Amino acid sequence: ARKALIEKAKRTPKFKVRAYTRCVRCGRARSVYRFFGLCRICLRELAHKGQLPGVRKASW
Amino acid sequence: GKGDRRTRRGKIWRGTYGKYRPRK
Amino acid sequence: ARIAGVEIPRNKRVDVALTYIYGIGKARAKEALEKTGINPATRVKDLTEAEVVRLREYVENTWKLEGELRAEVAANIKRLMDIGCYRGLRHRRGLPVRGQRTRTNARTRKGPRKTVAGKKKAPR
Amino acid sequence: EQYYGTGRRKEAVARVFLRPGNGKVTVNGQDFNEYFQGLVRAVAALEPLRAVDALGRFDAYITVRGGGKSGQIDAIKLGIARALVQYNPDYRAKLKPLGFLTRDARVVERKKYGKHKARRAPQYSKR
Amino acid sequence: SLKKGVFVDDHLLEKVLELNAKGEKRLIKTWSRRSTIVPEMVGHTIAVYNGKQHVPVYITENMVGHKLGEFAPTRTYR
Amino acid sequence: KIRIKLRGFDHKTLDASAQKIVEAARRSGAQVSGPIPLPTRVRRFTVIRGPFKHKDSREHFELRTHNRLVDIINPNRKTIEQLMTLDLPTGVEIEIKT
Amino acid sequence: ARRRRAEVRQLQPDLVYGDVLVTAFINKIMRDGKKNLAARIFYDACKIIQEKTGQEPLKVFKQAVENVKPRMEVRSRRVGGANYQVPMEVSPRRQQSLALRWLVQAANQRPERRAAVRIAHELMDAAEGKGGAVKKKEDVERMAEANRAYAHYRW
RNA sequence: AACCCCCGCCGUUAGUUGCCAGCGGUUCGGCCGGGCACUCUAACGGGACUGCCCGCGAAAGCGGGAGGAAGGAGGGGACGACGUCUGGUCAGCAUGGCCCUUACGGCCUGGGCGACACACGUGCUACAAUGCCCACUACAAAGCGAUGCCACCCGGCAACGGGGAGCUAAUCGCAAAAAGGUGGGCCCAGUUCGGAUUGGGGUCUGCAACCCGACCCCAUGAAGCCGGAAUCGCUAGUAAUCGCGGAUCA
RNA sequence: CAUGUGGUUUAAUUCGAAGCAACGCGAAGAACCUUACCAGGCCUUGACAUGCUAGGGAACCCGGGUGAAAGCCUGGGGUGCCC
């Protein structure tokens, strides 16, 4: 149940409580950000290539 | 102490308000 | 200072003294001291014949209170031997009645640890 | 008419204004020993003056903002002394000889991942 | 607790109400352990699913506030 | 009378978009309150480096949004002529008020 | 550590007596970083001196602490299949540190309910020449002289 | 190592945050006209190089002194060589090979992941007077917010619930930091210490809180009076202690 | 007392991680969702992709019955084109 699920995520069946998140690149269920629509990995991969405007290597 | 939910710090620690910690 | 059944405190501020009754705590205490108008700071050590009776009057007449309070709570738990709600067991098996981790703690409801045990490795 | 000097210590900032007068000092519209009452220690902020021999000579107006109440007392100590060195180049043979001219760059260091508090590493197991 | 309502399933009541119509006997299967026992529903034995099989629970006045699952254990021996 | 908002992720292209609409705006009539710097709003994104499990050693970034503000004292025809049309935002964003 | 001699951190004087030795003592009183509560006690106890003794508290405390300093002590050492407590001298820095620590601990074992009272009383006793903190001093020095057998391992 | 970011000192540029700093009117609220000198905000710079002096040395450099906000890597970051553990991950994804193709695929309703005679690791609240309880009174930072954070009212013991202003947010909101300060109570007790457990009564999200949610109120107040053999952390704004925010998210 | 694991238990109590360098770890959110596990009811070119054949239907919108839902049975609005 990997493919059947990412497709279940899109539809919104009965009771809106069921509507979970899900990563865009990665079928990722856990660790999924509102701002980017992405997973923790998916994100970090991108951020190094510059495909995310102004998301820079932090340092404080 | 911090687990006595019928006090000042009981409520502060928990993060709540109520009779024993007046709201605002 | 014999208010409820055979219940008696002394040499302490009456707000606190009243506490040593079953079915009287901090709140039901100062609630009563206002409906009888009695300075809480006064010790049981010193106060009117009647102050006491007026106190006893209010308290004893109103809510209950050791014996048949105790006895109510017991027949409550008896009655959860009905067709046998999940909460009814847990009172038969003497385990927690409110959704809790038994695999570790739970010591307050199971009397001291029974170390009955064994598990090995391959000796060679 | 006035003397000015700036003072800051650890997320706390103070503005020092002086006027030759009797003594009285007010801060955030309050007597000194009313804002810092009970903090039996505050009274140290004034020690730069006791090293010039003039404390009966001025009437400072100060406004201090941010951080925490003791850090503030250090900031005042910096501004009081930074005001008077201006109005006397020859008052450098008391200020630099003591610690009253420098800032205190000591600051709360950063909490780091994999620890509890920046340096307290968590408790070891092995078993 | 749900304080405005009584959250009890309909497919249950239909079968109780039309069975209240002269109070028939009662082999009545359900999956609504999440529902209340309603006042008066006495005599009416309801077989409750607990994950595995339908446990024939019988009904009495003293039990009323309590749900159906609250008489249908999901697990075996402690 | 007129309030303008210059928001964006790079400061060197945001300061340049400001300084422009000042030289090319004073000339136009009544004068202007030069670019004034609003506090930056930052957004941290912290997460564990490994795909599986090393719940300690990890890595985190931010996304900073710097702002500036400019106020022109009076609406002349030569001003609203130029600025109303010359919209050259490369990765800069703008809002206008009065 | 292993290269440099380590740093003898410098104290700032007291704001009521201008004595660095007095801040040192307040530090040892202090719990959980609460220096206000700390010095408050110290002084409240100086006040218990004045009442029950027309001596300058400053001078009492000064003597008390001196009377608790131990001249010598024992430090275990390995010789070869035997771990002996060898006796030897004490650093003047070390003398201070200990005497203060012992004073404060001596204080907290007394049966008086509020603190300052304890610290006061214990300081009085010490200067008079006979407190919990002196028994401790005495004890330690008895361990020397007894183990003077092995004093010829002065490391 | 150096170049890159955060904290320290000073300048230049800019004024809806700041300012009786100075006269001005103030229903005394930087509220008001006025004003960038302070404070701050964020952008471009200066500043330190063992360059100066004394001593030791062949040299590199070591010790010591002045000026300085700061020296001898000034305090924190990001950064981790050729390789090691047939280390970890086919369950984030990708991928060779293997095996199943009215089921080892797919949909739902209910259960389970939350079991408990026991055993170990990481933690929280404590056993109290350098303390606990109640009233009043101060001083932060970094962040977050449109079917979101909610000012302010009205009701309720309260959880919450009826109204409803500001807000795209240095212009409104979360918001009170807490320890502290002050004065009132407890008087050494298993206690006004400690808050586990069970009875009774309520609220809010959600289609739904029996197995399994969080809060609020009354009553119950368990074990614990500082811990066998053992065993962890931290060298300075660190340890200790106090509270605040954020991701995920009904 | 909270949480992670061993073990026993169970219809199932899903899988992984194993001295330091696994154990408040994947898990920065398990009541149904999640969800990989079990019991019970159902569905097959399939919940998703690419392309071919064939009459209907060629977009779409609203209900009825049955059931625990899923599913299966079933009543009505009816199409702006190259021409």
# chains A, B, ... in the order shown; residues from 1 in each chain; ligands from 1
>>> select_by_dssp(residues="chain B", states="alpha helix (DSSP H)", output="list in words")
residues 8, 9, 10, 11, 12, 13 and 14 of chain B
>>> write_last_selection(atoms="N, CA and C atoms", output="compact mmCIF listing (two decimals), in the first residue's frame")
# COMPACT_ATOMS: atom_id res chain seq x y z
N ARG B 8 -0.99 28.31 41.81
CA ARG B 8 -0.19 29.23 40.97
C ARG B 8 0.69 28.45 39.99
N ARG B 9 1.84 27.95 40.47
CA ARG B 9 2.81 27.21 39.64
C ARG B 9 2.26 25.91 39.04
N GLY B 10 1.26 25.30 39.67
CA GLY B 10 0.61 24.13 39.09
C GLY B 10 0.01 24.47 37.73
N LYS B 11 -0.68 25.61 37.70
CA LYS B 11 -1.24 26.14 36.50
C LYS B 11 -0.17 26.73 35.56
N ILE B 12 0.78 27.52 36.07
CA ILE B 12 1.86 28.07 35.21
C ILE B 12 2.63 27.00 34.46
N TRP B 13 3.05 25.97 35.20
CA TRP B 13 3.84 24.84 34.68
C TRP B 13 3.06 24.09 33.60
N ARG B 14 1.80 23.81 33.90
CA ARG B 14 0.90 23.14 32.97
C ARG B 14 0.77 23.95 31.66
>>> interface_residues(of="chain H", to="chain A", cutoff="6 Å", atoms="only C-alpha atoms (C1' of nucleotides)", output="PDB file with N, CA, C and O atoms (P, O5', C5', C4', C3', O3' and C1' of nucleotides), in the first residue's frame")
ATOM      1  P     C H   5      30.339  37.673   5.760  1.00  0.00           P
ATOM      2  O5'   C H   5      29.232  37.004   6.689  1.00  0.00           O
ATOM      3  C5'   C H   5      27.922  36.657   6.192  1.00  0.00           C
ATOM      4  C4'   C H   5      27.217  35.768   7.194  1.00  0.00           C
ATOM      5  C3'   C H   5      27.018  36.337   8.597  1.00  0.00           C
ATOM      6  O3'   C H   5      25.965  37.290   8.757  1.00  0.00           O
ATOM      7  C1'   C H   5      27.852  34.139   8.780  1.00  0.00           C
ATOM      8  P     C H   6      25.908  38.250  10.067  1.00  0.00           P
ATOM      9  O5'   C H   6      25.695  37.215  11.267  1.00  0.00           O
ATOM     10  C5'   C H   6      24.449  37.073  11.996  1.00  0.00           C
ATOM     11  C4'   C H   6      24.704  36.703  13.448  1.00  0.00           C
ATOM     12  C3'   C H   6      25.210  37.811  14.370  1.00  0.00           C
ATOM     13  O3'   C H   6      24.255  38.802  14.778  1.00  0.00           O
ATOM     14  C1'   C H   6      26.495  35.875  14.744  1.00  0.00           C
ATOM     15  P     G H  77      30.758  26.729  18.855  1.00  0.00           P
ATOM     16  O5'   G H  77      29.610  26.537  17.770  1.00  0.00           O
ATOM     17  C5'   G H  77      29.924  26.537  16.374  1.00  0.00           C
ATOM     18  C4'   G H  77      28.864  27.284  15.612  1.00  0.00           C
ATOM     19  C3'   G H  77      28.757  26.883  14.150  1.00  0.00           C
ATOM     20  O3'   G H  77      27.804  25.834  14.051  1.00  0.00           O
ATOM     21  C1'   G H  77      29.112  29.211  14.294  1.00  0.00           C
ATOM     22  P     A H  78      28.248  24.398  13.516  1.00  0.00           P
ATOM     23  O5'   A H  78      28.183  24.574  11.931  1.00  0.00           O
ATOM     24  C5'   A H  78      26.987  24.987  11.228  1.00  0.00           C
ATOM     25  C4'   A H  78      27.380  25.598   9.905  1.00  0.00           C
ATOM     26  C3'   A H  78      28.290  24.727   9.049  1.00  0.00           C
ATOM     27  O3'   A H  78      27.543  23.757   8.325  1.00  0.00           O
ATOM     28  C1'   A H  78      29.130  26.946   9.124  1.00  0.00           C
ATOM     29  P     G H  92      12.807   4.010   4.750  1.00  0.00           P
ATOM     30  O5'   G H  92      12.003   4.882   3.675  1.00  0.00           O
ATOM     31  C5'   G H  92      10.786   5.620   4.017  1.00  0.00           C
ATOM     32  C4'   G H  92      10.544   6.801   3.083  1.00  0.00           C
ATOM     33  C3'   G H  92      10.702   6.547   1.595  1.00  0.00           C
ATOM     34  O3'   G H  92       9.512   5.927   1.109  1.00  0.00           O
ATOM     35  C1'   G H  92      11.786   8.576   2.167  1.00  0.00           C
TER      36        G H  92
END
>>> residues_around(residues="residue 1 (chain C)", least_positions_apart="3", cutoff="12 Å", atoms="only C-alpha atoms (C1' of nucleotides)", output="short mmCIF file (atom, residue, chain, number, x, y, z; two decimals) with N, CA, C and O atoms, in the first residue's frame")
data_model
loop_
_atom_site.label_atom_id
_atom_site.label_comp_id
_atom_site.auth_asym_id
_atom_site.auth_seq_id
_atom_site.Cartn_x
_atom_site.Cartn_y
_atom_site.Cartn_z
N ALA C 4 -17.76 15.94 63.34
CA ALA C 4 -18.42 14.92 62.50
C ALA C 4 -18.77 13.68 63.33
O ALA C 4 -19.46 13.81 64.33
N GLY C 5 -18.32 12.49 62.94
CA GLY C 5 -18.35 11.33 63.83
C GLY C 5 -17.32 11.52 64.94
O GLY C 5 -17.30 12.57 65.59
N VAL C 6 -16.46 10.53 65.15
CA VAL C 6 -15.40 10.60 66.19
C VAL C 6 -14.15 11.33 65.66
O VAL C 6 -13.02 10.83 65.76
N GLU C 7 -14.37 12.53 65.10
CA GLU C 7 -13.31 13.29 64.43
C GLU C 7 -13.04 14.55 65.27
O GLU C 7 -13.98 15.24 65.62
N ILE C 8 -11.76 14.79 65.64
CA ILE C 8 -11.33 15.89 66.56
C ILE C 8 -9.93 16.43 66.29
O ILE C 8 -8.96 15.70 66.47
N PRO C 9 -9.80 17.72 65.92
CA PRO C 9 -8.48 18.42 65.84
C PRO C 9 -8.26 19.43 66.99
O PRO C 9 -9.13 19.53 67.87
N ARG C 10 -7.13 20.15 67.02
CA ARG C 10 -6.87 21.19 68.07
C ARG C 10 -5.62 22.02 67.81
O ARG C 10 -4.85 21.69 66.91
N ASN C 11 -5.43 23.09 68.59
CA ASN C 11 -4.24 23.96 68.49
C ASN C 11 -3.78 24.34 67.07
O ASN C 11 -2.59 24.57 66.83
N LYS C 12 -4.73 24.45 66.16
CA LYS C 12 -4.48 24.83 64.77
C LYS C 12 -5.63 25.66 64.26
O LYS C 12 -6.78 25.51 64.71
N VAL C 14 -8.74 26.91 62.56
CA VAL C 14 -9.93 26.09 62.20
C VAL C 14 -10.12 25.78 60.72
O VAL C 14 -10.63 24.72 60.40
N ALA C 17 -8.07 22.83 60.54
CA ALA C 17 -8.55 21.79 61.44
C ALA C 17 -9.69 21.00 60.80
O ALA C 17 -9.70 19.77 60.83
N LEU C 18 -10.64 21.73 60.23
CA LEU C 18 -11.78 21.13 59.58
C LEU C 18 -11.30 20.10 58.54
O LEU C 18 -11.94 19.07 58.32
N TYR C 20 -9.18 17.74 58.55
CA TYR C 20 -8.99 16.37 59.01
C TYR C 20 -10.28 15.54 59.05
O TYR C 20 -10.31 14.47 59.67
N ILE C 21 -11.32 16.02 58.36
CA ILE C 21 -12.55 15.28 58.11
C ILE C 21 -12.54 14.66 56.68
O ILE C 21 -12.02 15.27 55.73
N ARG C 43 -7.79 29.72 66.54
CA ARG C 43 -7.50 28.32 66.79
C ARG C 43 -8.76 27.64 67.30
O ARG C 43 -9.67 28.29 67.83
N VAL C 44 -8.81 26.32 67.15
CA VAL C 44 -9.82 25.49 67.82
C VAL C 44 -9.63 25.62 69.34
O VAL C 44 -10.59 25.53 70.13
N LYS C 45 -8.37 25.81 69.73
CA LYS C 45 -7.99 26.09 71.10
C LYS C 45 -8.98 27.07 71.76
O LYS C 45 -9.29 26.88 72.94
N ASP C 46 -9.50 28.07 71.04
CA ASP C 46 -10.38 29.10 71.64
C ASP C 46 -11.56 29.63 70.79
O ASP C 46 -11.37 30.41 69.87
N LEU C 47 -12.78 29.23 71.14
CA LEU C 47 -13.99 29.67 70.43
C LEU C 47 -15.33 29.18 71.07
O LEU C 47 -15.42 28.05 71.55
N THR C 48 -16.36 30.04 71.03
CA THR C 48 -17.69 29.82 71.65
C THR C 48 -18.21 28.39 71.61
O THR C 48 -18.08 27.69 70.61
N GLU C 49 -18.80 27.98 72.74
CA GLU C 49 -19.70 26.82 72.82
C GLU C 49 -20.52 26.67 71.54
O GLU C 49 -20.56 25.59 70.93
N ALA C 50 -21.19 27.75 71.14
CA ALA C 50 -22.16 27.74 70.04
C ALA C 50 -21.50 27.87 68.67
O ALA C 50 -21.87 27.14 67.75
N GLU C 51 -20.55 28.80 68.53
CA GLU C 51 -19.70 28.88 67.32
C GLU C 51 -19.43 27.50 66.78
O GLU C 51 -19.57 27.23 65.59
N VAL C 52 -19.04 26.62 67.70
CA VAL C 52 -18.79 25.23 67.40
C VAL C 52 -20.08 24.53 66.95
O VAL C 52 -20.08 23.89 65.90
N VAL C 53 -21.17 24.67 67.72
CA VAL C 53 -22.45 24.04 67.36
C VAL C 53 -22.99 24.56 66.03
O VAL C 53 -23.45 23.78 65.20
N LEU C 55 -21.17 25.75 63.66
CA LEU C 55 -20.27 25.13 62.70
C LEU C 55 -20.79 23.73 62.41
O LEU C 55 -21.11 23.40 61.26
N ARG C 56 -20.91 22.93 63.46
CA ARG C 56 -21.38 21.54 63.38
C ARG C 56 -22.73 21.43 62.70
O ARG C 56 -22.95 20.53 61.88
#
>>> closest_atom_pairs(of="chain C", to="chain H", cutoff="8 Å", atoms="only C-alpha atoms (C1' of nucleotides)", output="CSV")
residue,atom,partner,partner_atom,distance
C:16,CA,H:192,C1',7.3
C:22,CA,H:220,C1',7.8
C:23,CA,H:219,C1',5.3
C:24,CA,H:219,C1',7.0
C:25,CA,H:219,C1',7.3
C:27,CA,H:218,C1',8.0
C:28,CA,H:218,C1',7.7
C:73,CA,H:199,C1',5.4
C:76,CA,H:199,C1',7.4
C:86,CA,H:210,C1',7.1
C:99,CA,H:212,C1',6.7
C:100,CA,H:114,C1',7.6
C:101,CA,H:114,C1',7.3
C:102,CA,H:116,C1',5.8
C:103,CA,H:116,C1',5.0
C:108,CA,H:222,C1',6.5
C:109,CA,H:197,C1',7.3
C:114,CA,H:117,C1',6.6
C:115,CA,H:118,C1',5.9
C:116,CA,H:118,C1',6.3
C:117,CA,H:118,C1',6.1
>>> write_last_selection(atoms="N, CA and C atoms", output="JSON list (two decimals), in the first residue's frame")
[["chain", "number", "residue", "atom", "x", "y", "z"],
["C", 16, "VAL", "N", -7.88, 24.89, 58.67],
["C", 16, "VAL", "CA", -7.02, 23.71, 58.53],
["C", 16, "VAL", "C", -7.58, 22.54, 59.34],
["C", 22, "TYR", "N", -13.11, 13.46, 56.57],
["C", 22, "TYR", "CA", -13.27, 12.80, 55.26],
["C", 22, "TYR", "C", -14.44, 13.42, 54.52],
["C", 23, "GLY", "N", -14.16, 14.06, 53.40],
["C", 23, "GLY", "CA", -15.18, 14.83, 52.69],
["C", 23, "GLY", "C", -15.13, 16.31, 53.04],
["C", 24, "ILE", "N", -14.01, 16.75, 53.61],
["C", 24, "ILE", "CA", -13.71, 18.18, 53.78],
["C", 24, "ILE", "C", -12.27, 18.51, 53.41],
["C", 25, "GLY", "N", -12.13, 19.39, 52.42],
["C", 25, "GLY", "CA", -10.83, 19.86, 51.98],
["C", 25, "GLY", "C", -10.82, 21.37, 51.96],
["C", 27, "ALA", "N", -11.31, 23.91, 50.14],
["C", 27, "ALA", "CA", -12.45, 24.67, 49.60],
["C", 27, "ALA", "C", -13.76, 24.56, 50.42],
["C", 28, "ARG", "N", -14.27, 23.34, 50.59],
["C", 28, "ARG", "CA", -15.45, 23.12, 51.43],
["C", 28, "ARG", "C", -15.24, 23.69, 52.83],
["C", 73, "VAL", "N", -19.16, 5.51, 48.03],
["C", 73, "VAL", "CA", -18.12, 5.28, 47.04],
["C", 73, "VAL", "C", -17.89, 3.76, 46.89],
["C", 76, "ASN", "N", -20.90, 2.40, 44.91],
["C", 76, "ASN", "CA", -20.55, 2.79, 43.53],
["C", 76, "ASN", "C", -19.67, 1.72, 42.85],
["C", 86, "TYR", "N", -15.87, -2.32, 31.38],
["C", 86, "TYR", "CA", -14.41, -2.37, 31.41],
["C", 86, "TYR", "C", -13.86, -1.81, 32.72],
["C", 99, "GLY", "N", -6.97, 4.27, 31.65],
["C", 99, "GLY", "CA", -6.13, 4.35, 30.42],
["C", 99, "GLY", "C", -4.66, 4.71, 30.62],
["C", 100, "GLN", "N", -3.85, 3.69, 30.92],
["C", 100, "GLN", "CA", -2.51, 3.91, 31.46],
["C", 100, "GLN", "C", -1.55, 2.77, 31.11],
["C", 101, "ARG", "N", -0.26, 3.09, 31.22],
["C", 101, "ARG", "CA", 0.84, 2.21, 30.81],
["C", 101, "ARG", "C", 1.14, 1.19, 31.91],
["C", 102, "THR", "N", 0.66, -0.04, 31.73],
["C", 102, "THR", "CA", 0.84, -1.10, 32.73],
["C", 102, "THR", "C", 2.17, -1.87, 32.60],
["C", 103, "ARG", "N", 2.56, -2.12, 31.36],
["C", 103, "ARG", "CA", 3.85, -2.70, 31.06],
["C", 103, "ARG", "C", 5.02, -2.09, 31.82],
["C", 108, "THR", "N", 1.34, 2.09, 42.08],
["C", 108, "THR", "CA", 0.38, 2.58, 43.06],
["C", 108, "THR", "C", -0.87, 1.69, 43.13],
["C", 109, "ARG", "N", -1.19, 0.99, 42.06],
["C", 109, "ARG", "CA", -2.32, 0.08, 42.13],
["C", 109, "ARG", "C", -1.96, -1.41, 42.26],
["C", 114, "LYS", "N", 6.73, -8.24, 42.23],
["C", 114, "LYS", "CA", 6.92, -9.71, 42.34],
["C", 114, "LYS", "C", 7.93, -10.16, 41.28],
["C", 115, "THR", "N", 9.18, -10.33, 41.69],
["C", 115, "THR", "CA", 10.31, -10.41, 40.77],
["C", 115, "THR", "C", 10.43, -11.74, 39.99],
["C", 116, "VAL", "N", 9.51, -12.66, 40.24],
["C", 116, "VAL", "CA", 9.24, -13.82, 39.37],
["C", 116, "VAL", "C", 9.74, -13.70, 37.91],
["C", 117, "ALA", "N", 10.89, -14.32, 37.55],
["C", 117, "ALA", "CA", 11.50, -14.07, 36.22],
["C", 117, "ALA", "C", 12.60, -15.01, 35.66]]
>>> interface_residues(of="chain G", to="chain D", cutoff="12 Å", atoms="only C-alpha atoms", output="list in words")
residues 12, 13, 14, 15, 16, 18, 23, 34, 35, 36, 37, 38, 39, 40, 41, 42 and 43 of chain G
>>> write_last_selection(atoms="C-alpha atoms", output="mmCIF file, in the first residue's frame")
data_model
loop_
_atom_site.group_PDB
_atom_site.id
_atom_site.type_symbol
_atom_site.label_atom_id
_atom_site.label_comp_id
_atom_site.auth_asym_id
_atom_site.auth_seq_id
_atom_site.Cartn_x
_atom_site.Cartn_y
_atom_site.Cartn_z
ATOM 1 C CA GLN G 12 35.244 41.959 42.913
ATOM 2 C CA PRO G 13 34.953 43.362 46.483
ATOM 3 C CA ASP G 14 31.903 43.561 48.756
ATOM 4 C CA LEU G 15 29.556 46.538 48.273
ATOM 5 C CA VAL G 16 29.064 47.024 52.041
ATOM 6 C CA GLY G 18 34.709 46.374 50.188
ATOM 7 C CA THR G 23 32.041 37.924 48.444
ATOM 8 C CA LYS G 34 20.289 33.394 43.667
ATOM 9 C CA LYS G 35 22.833 35.936 44.920
ATOM 10 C CA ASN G 36 20.189 38.234 46.389
ATOM 11 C CA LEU G 37 18.967 35.562 48.842
ATOM 12 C CA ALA G 38 22.632 34.763 49.500
ATOM 13 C CA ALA G 39 24.047 38.071 50.769
ATOM 14 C CA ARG G 40 20.732 38.934 52.508
ATOM 15 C CA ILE G 41 21.467 36.051 54.889
ATOM 16 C CA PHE G 42 25.108 37.039 55.346
ATOM 17 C CA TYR G 43 24.170 40.488 56.528
#
>>> residues_around(residues="region 40-45 of chain I", least_positions_apart="6", cutoff="12 Å", atoms="only C-alpha atoms (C1' of nucleotides)", output="list in words")
residues 30, 31, 49, 50, 51, 52, 53 and 54 of chain E; 101, 102, 103, 105, 106, 107, 108, 109, 110 and 111 of chain H; 11, 67, 68, 69, 70, 71 and 72 of chain I
>>> residues_around(residues="residue 65 (chain I)", least_positions_apart="3", cutoff="12 Å", atoms="only C-alpha atoms (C1' of nucleotides)", output="PyMOL selection string")
chain I and resi 72-75
>>> write_last_selection(atoms="N, CA and C atoms (P, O5', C5', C4', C3', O3' and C1' of nucleotides)", output="PDB file, in the first residue's frame")
ATOM      1  P     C I  72     -19.552  -2.066  -7.242  1.00  0.00           P
ATOM      2  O5'   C I  72     -20.993  -2.752  -7.235  1.00  0.00           O
ATOM      3  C5'   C I  72     -21.165  -4.180  -7.312  1.00  0.00           C
ATOM      4  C4'   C I  72     -22.564  -4.562  -6.880  1.00  0.00           C
ATOM      5  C3'   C I  72     -23.719  -3.938  -7.654  1.00  0.00           C
ATOM      6  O3'   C I  72     -23.965  -4.540  -8.930  1.00  0.00           O
ATOM      7  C1'   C I  72     -24.155  -3.772  -5.338  1.00  0.00           C
ATOM      8  P     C I  73     -24.728  -3.722 -10.110  1.00  0.00           P
ATOM      9  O5'   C I  73     -26.214  -3.562  -9.544  1.00  0.00           O
ATOM     10  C5'   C I  73     -27.187  -4.632  -9.624  1.00  0.00           C
ATOM     11  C4'   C I  73     -28.494  -4.259  -8.944  1.00  0.00           C
ATOM     12  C3'   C I  73     -29.355  -3.194  -9.621  1.00  0.00           C
ATOM     13  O3'   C I  73     -30.131  -3.667 -10.728  1.00  0.00           O
ATOM     14  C1'   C I  73     -29.217  -2.729  -7.305  1.00  0.00           C
ATOM     15  P     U I  74     -30.592  -2.657 -11.911  1.00  0.00           P
ATOM     16  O5'   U I  74     -31.133  -1.377 -11.123  1.00  0.00           O
ATOM     17  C5'   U I  74     -32.541  -1.176 -10.836  1.00  0.00           C
ATOM     18  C4'   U I  74     -32.823   0.237 -10.348  1.00  0.00           C
ATOM     19  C3'   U I  74     -32.808   1.350 -11.396  1.00  0.00           C
ATOM     20  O3'   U I  74     -34.032   1.470 -12.136  1.00  0.00           O
ATOM     21  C1'   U I  74     -31.651   2.055  -9.435  1.00  0.00           C
ATOM     22  P     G I  75     -34.190   2.551 -13.346  1.00  0.00           P
ATOM     23  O5'   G I  75     -34.720   3.862 -12.604  1.00  0.00           O
ATOM     24  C5'   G I  75     -36.100   4.009 -12.203  1.00  0.00           C
ATOM     25  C4'   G I  75     -36.372   5.407 -11.687  1.00  0.00           C
ATOM     26  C3'   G I  75     -36.207   6.552 -12.681  1.00  0.00           C
ATOM     27  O3'   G I  75     -37.305   6.790 -13.552  1.00  0.00           O
ATOM     28  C1'   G I  75     -35.151   7.128 -10.658  1.00  0.00           C
TER      29        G I  75
END
>>> closest_residue(among="F:76, F:40, F:65, F:57", to="chain I", atoms="only C-alpha atoms (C1' of nucleotides)")
F:57
>>> residues_around(residues="residue 10 (chain A)", least_positions_apart="3", cutoff="12 Å", atoms="only C-alpha atoms (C1' of nucleotides)", output="ChimeraX atom specification")
/A:3-7,13,18-24,27 /I:47-48
>>> write_last_selection(atoms="C-alpha atoms (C1' of nucleotides)", output="PDB file, in the first residue's frame")
ATOM      1  CA  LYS A   3       0.828   3.870  -4.623  1.00  0.00           C
ATOM      2  CA  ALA A   4      -2.820   3.295  -3.618  1.00  0.00           C
ATOM      3  CA  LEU A   5      -2.147   5.631  -0.668  1.00  0.00           C
ATOM      4  CA  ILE A   6      -0.523   8.697  -2.265  1.00  0.00           C
ATOM      5  CA  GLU A   7      -3.663   8.704  -4.466  1.00  0.00           C
ATOM      6  CA  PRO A  13     -13.576  11.327   1.476  1.00  0.00           C
ATOM      7  CA  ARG A  18      -9.027  12.126   7.757  1.00  0.00           C
ATOM      8  CA  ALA A  19      -7.330  14.510   5.368  1.00  0.00           C
ATOM      9  CA  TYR A  20      -3.635  13.975   6.118  1.00  0.00           C
ATOM     10  CA  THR A  21      -0.549  15.669   4.669  1.00  0.00           C
ATOM     11  CA  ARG A  22       1.885  13.929   2.238  1.00  0.00           C
ATOM     12  CA  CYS A  23       5.158  15.067   0.559  1.00  0.00           C
ATOM     13  CA  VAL A  24       5.085  16.079  -3.156  1.00  0.00           C
ATOM     14  CA  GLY A  27       5.341   9.866  -0.914  1.00  0.00           C
TER      15      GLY A  27
ATOM     16  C1'   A I  47      -7.347   3.475  -6.482  1.00  0.00           C
ATOM     17  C1'   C I  48      -2.650   5.495 -10.414  1.00  0.00           C
TER      18        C I  48
END
>>> closest_atom_pairs(of="chain D", to="chain I", cutoff="12 Å", atoms="only C-alpha atoms (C1' of nucleotides)", output="Markdown table")
| residue | atom | partner | partner_atom | distance |
| --- | --- | --- | --- | --- |
| D:122 | CA | I:24 | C1' | 12.0 |
| D:124 | CA | I:20 | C1' | 9.7 |
| D:125 | CA | I:20 | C1' | 9.3 |
| D:126 | CA | I:19 | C1' | 6.1 |
| D:127 | CA | I:19 | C1' | 7.6 |
>>> residues_around(residues="residue 54 (chain A)", least_positions_apart="2", cutoff="10 Å", atoms="only C-alpha atoms (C1' of nucleotides)", output="number ranges by chain")
A: 47, 50-52, 56-57; F: 8-10, 62-65
>>> closest_residue(among="C:85, C:3, C:74, C:29", to="residue 68 (chain E)", atoms="only C-alpha atoms")
C:85
>>> interface_residues(of="chain H", to="chain F", cutoff="9 Å", atoms="only C-alpha atoms (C1' of nucleotides)", output="ChimeraX atom specification")
/H:14-15,41-43,88-89,92,143,170,246-247
